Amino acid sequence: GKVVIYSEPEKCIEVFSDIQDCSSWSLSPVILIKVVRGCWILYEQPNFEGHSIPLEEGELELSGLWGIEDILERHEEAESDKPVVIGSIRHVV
């Protein structure tokens, strides 16, 4: 498979394989994750641990903070000033 990430939705990080640690990646508060083909899993922490976001072919504008923050959950994902941080990316099959 292949998933591309547009940090400043232009340029993008093209992922063709498992990345056990993406934590050093400095992205943006709002990024566009585009699964071109295949299936993937975005993990909050390195080595495929922590909260996860399963993904199949398609586009997802990612933003916000991992987990649940009750006060801002309804309506839409609550954006944050801190760049989206991805711990690891798993290439499904």
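A residue's number is simply how far along the shown sequence it sits, counting from 1.
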Notebook entry, point to check: Count of coordinate-less deposited residues separating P9 and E10, as none, 1 to 3, 4 to 9, or 10 or more?
Noted result: 1 to 3
Margin query: Going by the mean C-alpha B-factor recorded in the entry, which is higher: 18 to 26 or 67 to 75?
Written below: 67 to 75
Notebook entry, point to check: Taking the C-alpha B-factors as the PDB entry records them, is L32 in the lowest, middle or highest third of its chain?
Noted result: middle
Item checked: For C39, the third of its chain into which the C-alpha B factor falls -> middle
Notebook entry, point to check: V92's Cα B-factor: lowest, middle or highest third of the chain?
Noted result: highest
